[PDB]
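One structure is given here, and the rest of the page talks about it.
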Amino acid sequence: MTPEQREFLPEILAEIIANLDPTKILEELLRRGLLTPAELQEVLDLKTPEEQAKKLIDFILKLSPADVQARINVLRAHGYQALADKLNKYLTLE
């Protein structure tokens with residue numbers, strides 16, 4: 001249980017569901033080999049919007065710091081700069 005994570009993560013989630021495009025990011029993720037077929041079938045099977053965004057935060061927060069670095073560099077150059085500033089700052093918040 002983490003009170004600090006539950007006080008900031010469920011709050012930003014609302015602003016990410018309406019400002020995210022699973023189609024545009026999925027292409028750049030598979031090309032670099034960052035997405036697994038087992039995890040892919042999980043989030044791609046669900047048709048729930050709330051679960052999709054949750055699978056995204058869980059997709060980057062469950063991997064190593066070297067794994068997210070690739071997503072942060074594409075996010076800034078693809079026009080999702082506002083998104084790259086939110087996850088990067090909270091990531092180094094200890």
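Identifiers in the structure tokens: chain A, B, ... in order shown; residue index from 1 per chain; ligand index from 1 in order shown.
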Can you tell me, as a list in words, what residues are no more than 10 Å from region 18-31 of chain A when counting only C-alpha atoms, ignoring any on the same chain fewer than 5 positions away?
residues 13, 36, 37, 40, 44, 49, 52, 53, 56, 70, 71, 74, 75, 78, 80, 82 and 83 of chain A
Based on the selection just made, write C-alpha atoms of those residues as a PDB file, in the first residue's frame.
```pdb
ATOM      1  CA  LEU A  13      -5.364   9.472 -14.763  1.00  0.00           C
ATOM      2  CA  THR A  36       5.169  -8.053 -25.311  1.00  0.00           C
ATOM      3  CA  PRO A  37       2.500 -10.269 -26.978  1.00  0.00           C
ATOM      4  CA  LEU A  40      -0.516  -6.798 -25.591  1.00  0.00           C
ATOM      5  CA  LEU A  44      -6.004  -4.884 -26.444  1.00  0.00           C
ATOM      6  CA  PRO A  49     -11.286   3.181 -21.413  1.00  0.00           C
ATOM      7  CA  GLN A  52      -6.692   1.057 -20.970  1.00  0.00           C
ATOM      8  CA  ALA A  53      -5.159   4.099 -19.264  1.00  0.00           C
ATOM      9  CA  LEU A  56      -0.521   2.238 -19.635  1.00  0.00           C
ATOM     10  CA  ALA A  70      12.801   5.315 -24.835  1.00  0.00           C
ATOM     11  CA  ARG A  71       9.161   6.345 -24.385  1.00  0.00           C
ATOM     12  CA  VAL A  74       9.559   9.780 -28.517  1.00  0.00           C
ATOM     13  CA  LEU A  75       6.797  11.426 -26.445  1.00  0.00           C
ATOM     14  CA  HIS A  78       5.680  13.262 -31.181  1.00  0.00           C
ATOM     15  CA  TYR A  80       3.052  14.621 -26.313  1.00  0.00           C
ATOM     16  CA  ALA A  82       2.935  17.788 -21.691  1.00  0.00           C
ATOM     17  CA  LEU A  83       2.637  14.071 -20.963  1.00  0.00           C
TER      18      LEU A  83
END
```
Residue among A:62, A:32, A:89, A:54 lying closest to residue 14 (chain A), counting only C-alpha atoms:
A:54
All helix (DSSP H, G or I) residues (DSSP, backbone) inside chain A, as an MDAnalysis selection string:
chainID A and resid 3:6 9:17 22:32 37:45 49:61 65:77 81:91
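If you look at CA of residue 10 (chain A) and CA of residue 34 (chain A), they are 24.7 Å away from each other.
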